[PDB]
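A.B. asks: Chains as they are written, first to last, in my numbering: chain A, 1317 to 1598; chain B, 22 to 363; chain C, 22 to 363.
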DNA sequence: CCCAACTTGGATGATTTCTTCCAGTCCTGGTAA
DNA sequence: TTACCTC
């Protein structure tokens, strides 16, 4: 049933796998193949066969190096350089942000890792918290390791992977230089100027895709060409991403000013009145 | 019965218009005027509620008038006589159904009309219609004159003249040299009703000798309650002349309702005649004389045709054999309409 | 048959307008009026249910009136005669298919029309159409007058005059000096139907001598049952003049429905003719006389064209030997339409 | 200026809602071996 | 100098 693929998608609510670790490894490994080659994600035999292919798994292990919390490529696939992994800022009472959300990661590197990336980067609910396969193996979670060895993995192959899998998550969490295709804007801060570069939050955007459809909010859709070249979520959504749409109901005194072609998209999450940061700027 | 069955209207007037003559111009229309009046506050519910305590009205509150806006019509000073005129056409159009969806019904309705024609009976209907024209009952409430003269000129070259129509009854024997004209007129019409391809016209003019400024009663319009406090509550019907002037008239179907008032075949007691109606409606008493519960209505009788043809066919004719049920049915077919969805 | 096959309409009127003359102005339109009336509660299901006990209606409940809203039209007082006029164009347009997707079908339809033309035949159709113009049957329900005069002028310089058209039959021998005009008119039209590049027009006017305020019957609109109680239940068709006045008219296809009523070729018993129709629809009896089950309809007959041409080509012609089946087919091709999807 | 403004009985019946065949492109991606 | 993929 296609509904299983829907519930494992980055834009759906997370589902529990407690006591089902054996079939969870089978389904998650089976997702690494093109849909045309798989009659079912539940075939134990296919999974046992895929698991024995060190090359296939090695190609999957390599995708871990580009898992991120914030996506520097979102608006423009041309941005080149390193990933970004940062804990959500402290909550500000007057601002909606990722500060009130739990920890989640996504994937975006060369556009050919859409299937192979699904083995380690797919999240699920476990022990009543949010986790994924890479985290349970790096943390030495015995229940998952016992099921994985039971499905045909040699103890020596697991002892090596725990190390390489962990290593891929231990460095390159902040970019070295500012990339040439990124945005830069400057304002006064503590009496002097500072350059600010915004970035889109994975956890925050993914939640919005679910809330606007469930709570029946006013919204529209933004298209992306080549979805595989922008990210996990954009690909899963078929290149169409939902945003909020809330238009207005329409001393020195400046009268009669006309503006042509103003940007109506304030931030990647909201359409409506132009960003107030721009007027302060003006 | 069957799904489709219709007859057309075989006898009909156009409308009646009032006018008078002058020494210089032969046709001057009678026209109407409009005015505001002070009425009375009176009648039940003015002072009552379900006939209990008569509300809480102070003595002075009923001494007030009730104003109203009405239309009225009077003959102007110094006109000695008023004229009224209309035209009448008659066609032999009850011999065949306008539409019928059933060949077995059709052959019978035709067989019956013919069986009836040759035994006599159109003379009977013609006598009754003719009497109503010469009596003058189509003037309705305007019959109260000092003298009424009626003249008729038909397309075949005849002329009829009733010097004074004020006293000819429905039931009785008309005075000599008038009885004679009822007989002759009956013959022209009896033919027109049953023989095809005769184009028969009548042209009826009557003269009314009136009082000094007598009030005249033309047809009223059917209107909804007004709410602008300006438009007349009661409104009269008029026609527009070739030069744009308006004149008082009586509507076509109102003239017709009078001419066809010939039905006294019920209850074996003639009384006064009713306007032919499938259920025998009586408007004065607000009731019905041929209610379906009696078996005397049109629809019960429509289904007995096979038995009527048998009787009419077996009789010799020219006698007294025609029953009330056959005459009634023929009268209804003359005022044709829709007899469908059986 | 084939996927595409069409013919155009080869004979057509514009529309007919009623008007009268005055001493000062030549064209004054006849116009319509609207009014409220008080009707009857009558007919089946007013008092019945499946012809059983006539419900639970109290005697007084059927004596009530039934009001209705209608449009109507009358000739104003003192107009001596009414005029009606329309134009007619005829084209030699049944010789060739408007569209045909099959070269083998095309050569046959051409062969047939030509085989027919040279043996005689358009004369026969022209005579039948011509008779209907001169008779006046296109006035429908307005034929009942004191005298009908018809006058025709054409683009070739001819004039025709029927002093009184009230009595000319479909079947019979017309009176002298009228029979002659029928022959002359037939000749002009026989050409109009068969030779190209003749631009033939006719202009037909008629005069009606009428009664004092006789009712007139123009075309009605096709409407749905209203529920606002404010719109008329019977609405009449009019035209707008260049000066803004409105006038009563008869629709183009209602004039045409009369002119093309020339089909008495069924059942070897002429009776009265039907409007040409691929299935022989009979509007008076609500049925169809060339039901597909009989083999007498247009589509069965169309498939034998190969055989008809053979006969026409072998026959001498010039006589009365052509069969009803060939005449029928040509009459349908004249009223062209869509004949596809075999 | 000043005083009034109306009760009542009622608002339709028949049967039908069409067809033929078509639906154009082209330039506008990163990433790896 | 070559190809490989998102409901």
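In this text, a Cβ means the ideal position worked out from N, Cα and C, and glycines have one as well.
1) Between residue 331 of chain B and chain C, is any beta-carbon pair separated by less than 8 Å?
2) The region 330-356 of chain B: which residues have C-beta closer than 9 Å to a C-beta of chain C, in chain order?
3) Specify the secondary structure class of residue 335 of chain B as computed by DSSP and reduced to three states.
4) Touching or not, the region 1486-1500 of chain A and the region 1510-1520 of chain A, by the rule of three or more beta carbon pairs under 8 Å?
5) Let me see if you follow: with CB-CB separation under 8 Å, is residue 184 of chain B close to chain C or not?
6) Provide the residue(s) that pair with residue 90 of chain B in DSSP beta bridges, ordered along the chain.
7) Nearest CA to the CA of residue 192 of chain C: which residue from C:220, C:148, C:209?
8) What is the residue span of the alpha helix (DSSP H) that residue 1477 of chain A lies within?
9) Please tell me whether residue 110 of chain B and residue 243 of chain B are closer than 8 Å, where the distance is taken between their beta carbons.
10) For a quick check, are the C-beta atoms of residue 171 of chain C and residue 155 of chain C less than 8 Å apart?
11) As an exercise, report each continuous beta strand (DSSP E) stretch of at least 3 residues that is fully enclosed by the region 255-311 of chain B, in chain order.
12) Expressed to the nearest angstrom, what Euclidean distance is found between the alpha-carbon atoms of residue 96 of chain B and residue 341 of chain B?
13) Taking Cβ positions, are residue 1523 of chain A and residue 1553 of chain A nearer each other than 8 Å?
14) What does the alpha-carbon distance come out to for the pair residue 314 of chain B and residue 77 of chain C?
15) Below 8 Å between beta carbons: does that hold for residue 140 of chain B and residue 363 of chain B?
16) Please state whether the Cβ-Cβ distance between residue 1370 of chain A and residue 1342 of chain A is less than 8 Å.
17) Let me check one thing: in DSSP terms, what residues is residue 241 of chain C bridge-paired to?
18) Specify, as a first and last residue, the run of the beta strand (DSSP E) that residue 106 of chain C falls within.
19) Kindly list the residues whose CB is nearer than 6 Å to the CB of residue 319 of chain B, restricted to its own chain and excluding five residues on each side of it in sequence; keep chain order.
20) Please report the distance separating the alpha-carbon of residue 328 of chain B from that of residue 302 of chain B.
21) What does residue 180 of chain C touch in chain B if you count any residue whose Cβ is under 7 Å from its own?
22) What three-state label does DSSP hand residue 1372 of chain A in the structure shown?
23) Between the region 219-235 of chain C and the region 81-91 of chain C, can you find at least three pairs of beta-carbon atoms closer than 8 Å?
24) Assuming the contact rule is C-beta atoms closer than 8 Å, residue 146 of chain C and residue 351 of chain C should be a hit. Round their C-beta distance to whole Å, please.
25) So what's residue 1502 of chain A in DSSP terms, helix, strand or just coil?
26) Does the ligand SAH have even one heavy atom less than 7 Å from the beta-carbon of residue 1538 of chain A?
27) List, in chain order, every chain C residue whose beta-carbon is nearer than 8 Å to that of residue 308 of chain B.
28) With DSSP run on the structure shown, which of helix, strand or coil describes residue 224 of chain B?
29) Could you tell me whether the region 150-167 of chain C touches the region 56-64 of chain C, where touching means 3 or more Cβ pairs closer than 8 Å?
30) What does DSSP give as the partner residues of residue 1423 of chain A in its beta bridges?
31) Measuring CB atoms only, is the region 107-127 of chain B touching the region 32-41 of chain B, in the sense that at least three cross pairs come out at less than 8 Å?
32) Please determine, among A:1431, A:1573, A:1506, A:1451, the residue with the shortest C-alpha to C-alpha distance to residue 1376 of chain A.
33) Could you name the residues of chain B that residue 99 of chain C contacts, counting a contact when the two beta carbons are closer than 8 Å?
34) Ordered along the chain, which non-local residues of its own chain (more than five positions away) have a Cβ less than 8 Å from that of residue 52 of chain B?
35) Taking 8 Å as the threshold (beta carbon to beta carbon), is residue 138 of chain C in contact with chain B?
36) Check whether the Cβ of residue 314 of chain B lies closer than 8 Å to any Cβ atom in chain C.
C.D. replies: Based on what the coordinates show:
1) Not closer than 8 Å to any Cβ of chain C, the Cβ of residue 331 of chain B fails to qualify, so no.
2) For the region 330-356 of chain B, the set of residues with a beta-carbon nearer than 9 Å to any beta-carbon of chain C is empty.
3) Helix.
4) In this structure the region 1486-1500 of chain A lies against the region 1510-1520 of chain A, because at least three pairs of beta carbons, one per stretch, are closer than 8 Å.
5) For residue 184 of chain B, the answer is no, since every Cβ of chain C falls outside 8 Å of its Cβ.
6) Residue pairing by DSSP puts residue 90 of chain B in a beta bridge opposite B:57.
7) Here the closest residue by C-alpha is C:148.
8) Where residue 1477 of chain A is concerned, the enclosing alpha helix (DSSP H) stretches over 1471-1483.
9) Contact flag unset, no.
10) Judged by their CB atoms, residue 171 of chain C and residue 155 of chain C are nearer to each other than the 8 Å cut-off.
11) As for any beta strand (DSSP E) of minimum length 3 sitting wholly inside the region 255-311 of chain B, the runs are 259-261, 267-271, ordered along the chain.
12) In a straight line, the C-alpha of residue 96 of chain B is about 49 Å away from that of residue 341 of chain B.
13) In this structure, residue 1523 of chain A keeps its C-beta atom at 8 Å or more from the C-beta atom of residue 1553 of chain A.
14) Rounded to whole angstroms, residue 314 of chain B to residue 77 of chain C spans 10 Å at the Cα level.
15) Cβ distance not < 8 Å, so residue 140 of chain B and residue 363 of chain B don't count as in contact.
16) Not a contact, by the Cβ cut-off of 8 Å.
17) In the DSSP assignment, the residues bridged to residue 241 of chain C are C:257.
18) First-last of the beta strand (DSSP E) with residue 106 of chain C: 102-111.
19) Once the five neighbours on either side are set aside, the close Cβ partners of residue 319 of chain B are 299, 353.
20) Near 27 Å, if we compare the C-alpha coordinates of residue 302 of chain B and residue 328 of chain B.
21) Residues of chain B passing the Cβ test: none, with the nearest at roughly 27 Å.
22) DSSP places residue 1372 of chain A within a helical segment (H, G or I) once states are collapsed to three.
23) The region 81-91 of chain C, when compared against the region 219-235 of chain C, does not touch it at the 8 Å Cβ threshold.
24) Contact between residue 146 of chain C and residue 351 of chain C holds, since their C-beta atoms are separated by about 7 Å, short of 8 Å.
25) Strand.
26) Among the ligands in the structure shown, none appear at all, so the ligand SAH cannot be discussed.
27) Near residue 308 of chain B (Cβ distances below 8 Å), the residues of chain C are 80, 81, 84.
28) Three-state DSSP puts residue 224 of chain B in a strand.
29) Taking one beta carbon from each stretch, the region 150-167 of chain C and the region 56-64 of chain C have fewer than 3 pairs nearer than 8 Å; the two do not touch.
30) Answer is A:1383, bridged to residue 1423 of chain A.
31) Taking 8 Å as the limit for Cβ pairs, the verdict is that the region 32-41 of chain B does touch the region 107-127 of chain B.
32) The shortest C-alpha to C-alpha distance from residue 1376 of chain A to any of A:1431, A:1573, A:1506, A:1451 is the one to A:1431.
33) For residue 99 of chain C, the neighbours in chain B by C-beta distance under 8 Å run, in chain order, 48, 262, 263.
34) 94, 259, 266, 267, 268, 269.
35) No, residue 138 of chain C lies away from the interface with chain B (no Cβ there is under 8 Å from its Cβ).
36) Residue 314 of chain B counts as touching chain C.
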